[PDB]
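Participant: This one is an experimental structure. Sequence first:
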Amino acid sequence: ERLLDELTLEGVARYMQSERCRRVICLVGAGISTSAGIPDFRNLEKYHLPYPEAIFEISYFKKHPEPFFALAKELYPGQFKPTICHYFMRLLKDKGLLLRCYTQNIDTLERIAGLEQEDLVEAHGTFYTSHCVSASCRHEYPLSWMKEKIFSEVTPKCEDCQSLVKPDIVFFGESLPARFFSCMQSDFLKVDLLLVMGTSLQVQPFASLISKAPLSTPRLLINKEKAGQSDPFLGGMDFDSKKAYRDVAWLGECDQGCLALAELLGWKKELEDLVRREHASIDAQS
Ligand SMILES: NC(=S)c1ccc(OCC(F)(F)F)nc1
Ligand SMILES: [Cl-]
Ligand SMILES: [Zn+2]
């Protein structure tokens with residue numbers, strides 16, 4: 001009947017290494033990056049905002065961009081070092097198992113860890129690239145350029161047309177990337193396993209993704225807290241009813257959950273070597 005022989009991390013690992021599991025979708029949130037110690041970008045009383053969310057609203061940003069860039073200077077991380085979880089997804093990619101990583105995070109660490117544009121759906125956008133806001137220009141700028149402008153407390157302007165340059169975060173008043181919908185429509189016909197890591201599945205439409213899986217597809221949650229179950233008040237996760245058949249919860253730090261799964265898979269040495277090498281490379285940036 002069920003694809004998992006037991007509703008445990010061991011059952012998920014056995015399934016992963018079976019021929020039945022070829023395509024894994026990761027859905028990830030802030031919990032996969034808390035170990036990276038990046039200031040959580042998403043005090044303002046001094047900017048006299050007409051409403052708090054104005055600092056992340058596109059029309060306000062075009063009127064008064066300075067509050068946003070002052071906050072971006074304040075919360076700029078000391079380093080962009082991905083976690084064990086990010087490199088676990090890079091390993092999935094290397095093993096030929098990663099169909100897609102859908103991320104709610106804007107902190108760029110998926111890209112730093114080696115997931116390429118085709119591997120990623122950055123559902124809330126990213127700080128990694130920025131664009132001129134003029135529709136007829138849209139000149140793209142990389143992270144180093146913006147950092148130079150931001151720490152100079154110079155408002156970034158396009159070299160071609162002098163319009164504002166905005167990081168590719170999805171602001172209020174903007175729609176989700178069209179890539180989110182096109183990839184969703186195709187990927188969930190193809191998925192054999194959902195790995196849900198470091199998200200509490202509370203923000204829409206990202207949460208609704210778990211209900212797009214085929215009914216047989218196992219879903220592993222690696223998270224500090226159980227999440228994604230149907231809300232007694234309001235296709236949810238069923239970990240614990242006697243009808244549970246495919247959903248597994250591993251509760252702890254996301255790094256430790258990924259370590260435990262890698263150990264079951266025989267990947268712990270590969271993962272350790274990857275993380276140590278990449279961290280050393282980032283630490284050695286001269
Ligand atoms: N705390 C986070 S996530 C953070 C803050 C600032 C920042 O600035 C990047 C750029 F310079 F491109 F704007 N990037 C990330
Ligand atoms: Cl969430
Ligand atoms: Zn421009």
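Facilitator: Everything's here; your move. Residues are numbered from 1 along each chain as shown. Ligands and ions are numbered 1, 2, ... in the order given.

Participant: from here on, contacts and neighbour counts on C-alpha atoms
Facilitator: OK.

Participant: Tell me the helix or strand right after the host helix or strand of residue 16.
Facilitator: In this assignment (DSSP states H and E), residue 16 forms part of helix 9-17. Next helix or strand after helix 9-17 toward the C-terminus (DSSP H and E): strand 24-28.

Participant: outside of that following strand, which residues touch it?
Facilitator: With C-alpha atoms under 8 Å, 6 or more residues apart in numbering as the contact definition, strand 24-28 has outside contacts at 89, 97-105, 191-199.

Participant: Strands of the stretch 101-250 of the chain, residue ranges please.
Facilitator: Using DSSP state E, counting those that start in this stretch, the strands found in the stretch 101-250 of the chain span residues 120-122, 125-132, 140-142, 165-169, 193-197, 219-223, 247-251.

Participant: And for the residue in the stretch 51-200 of the chain positioned nearest to ligand 2, the neighbour number?
Facilitator: Closest residue of the stretch 51-200 of the chain to ligand 2, C-alpha to the ion: residue 200 (4.1 Å). As a burial measure, residue 200 scores 20 neighbours (other C-alpha atoms under 10 Å).

Participant: contacting residues for it?
Facilitator: 29, 223, 225, 226, 227, 228 are the contacts of residue 200 under C-alpha under 8 Å, 6+ apart.

Participant: Need phi/psi at residue 19.
Facilitator: Phi and psi for residue 19, reported as degrees, to the nearest 10, are phi -70, psi -20.

Participant: so how far is residue 273 from it?
Facilitator: Residue 19 sits 26 Å away from residue 273, going by C-alpha to C-alpha, to the nearest Å.

Participant: More neighbours: which of the two?
Facilitator: Neighbours were tallied for residue 19 and for residue 273 using other C-alpha under 10 Å; the higher tally belongs to residue 273 (12 against 7).

Participant: And that one, how close does it get to residue 152?
Facilitator: Taking C-alpha to C-alpha, one finds residue 273 at 38 Å from residue 152.
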